[PDB]
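Note: ideal-geometry Cβ built from the backbone for every residue, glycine included; neighbour counts use all protein chains shown. Here, each number is a calculation from the coordinates, and none is a lab measurement.
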Amino acid sequence: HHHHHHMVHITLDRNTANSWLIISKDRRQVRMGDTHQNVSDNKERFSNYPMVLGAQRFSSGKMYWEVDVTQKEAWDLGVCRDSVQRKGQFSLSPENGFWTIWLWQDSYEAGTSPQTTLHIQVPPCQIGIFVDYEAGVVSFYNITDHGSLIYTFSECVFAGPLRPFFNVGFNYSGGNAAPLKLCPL
Ligand SMILES: Cc1cccc(C(=O)NCC(=O)O)c1
């Protein structure tokens, strides 16, 4: 792909984070803490899952960023509407305002309803995410495998401003403590 020149500097929005997340001083890394991180509750925080949003809101144009997922066993990545549900249980789907892929139990899947199996021969250590607002496209790229395409959502009905979306996943296994990191331009 040739999307690198649409690179945007994403930072994480602390106020949206699940109360167990630890976001770095530079707001570029996030991992699961082993306890509540001593913050007040608010209506923005994701309550049920270890999720956080980017601070940036996109309503036009082409945007590209990269995320490091080295040594994680589970995570979700993509974009979502600014008005997605924060509290309680929900599935990641375009009907609920999410355009995402994930790793879970040694398989990669796109967050369609129902979910779609991905075909990845080289497990990625870094993921590239491309959004074309006007075209209604969200695409995912395998940076470890020379930028190969992972998945394209097309005919997207965003129906609102978009925010970068992250889930570091639970760490029940003791093998999923590693952070998500926003990679430099
Ligand atoms: C305290 C702790 C435990 C496990 C992992 C980390 C972490 O930041 N990952 C390593 C890295 O910086 O690449 C921190």
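For residue 135 and residue 14, calculate 0.36 nm times their separation in residues minus their Cα-Cα distance, and state this gained length in nm to one decimal.
40.5 nm
Between residue 159 and residue 24, what's the calculated FRET efficiency when r is the beta-carbon distance and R0 is 41 Å? Round to 0.05.
With a Förster radius of 41 Å, E is 0.80.
Using the Karplus equation 6.51 cos²θ - 1.76 cosθ + 1.60 (θ = phi - 60°), what ³J(HN,Hα) coupling, rounded to whole Hz, does each residue of the stretch 124-140 give in order, writing x for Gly and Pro?
Coupling constants for the stretch 124-140: x, 9, 9, 10, x, 10, 10, 10, 10, 4, 5, 6, x, 10, 10, 10, 10 Hz.
Express in nm, to one decimal, how much length is gained between residue 116 and residue 85 on full extension, taking 0.36 nm for each residue of separation and deducting their alpha carbon distance.
Here the answer is 8.9 nm.
What list do you get for 1, 36 if you sort them by fewest beta carbons within 10 Å?
Fewest to most other Cβ atoms nearby, the residues stand as 36, 1.
Tell me, what is a quarter of the convex hull surface for the C-alpha atoms of the stretch 133-185, in nm² with one decimal?
5.8 nm²
Please list, in chain and number order, the residues 5+ apart from residue 11 or on another chain whose amide H is under 5 Å from its amide H, with Hs placed from the backbone.
55, 56
As an exercise, use a Förster radius of 22 Å and the Cβ-Cβ distance of residue 173 and residue 38 to find the FRET efficiency, rounded to the nearest 0.05.
With a Förster radius of 22 Å, E is 0.30.
Set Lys and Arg Cβ to +1 and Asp and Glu Cβ to -1, take the dipole of the chain about its Cα centre, and tell me which of 77, 58, 125 lies farthest positive.
Going by the Cα projections, it comes out as 58.
When only Cα pairs under 8 Å and 6 or more residues apart are kept, what is the percent relative contact order across the stretch 40-174?
Rounded, it is 34 percent for the stretch 40-174.
With +1 on each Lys and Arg Cβ and -1 on each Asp and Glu Cβ, and nothing else charged, work out how big the dipole of the chain is about its Cα centre, in Debye to the nearest 20.
The dipole of the chain has a size of about 620 debye.
Rounded if a/c is under 1.5, else prolate if a/b is larger than b/c, else oblate: which is the chain, with a ≥ b ≥ c the root eigenvalues of its Cα gyration tensor?
rounded
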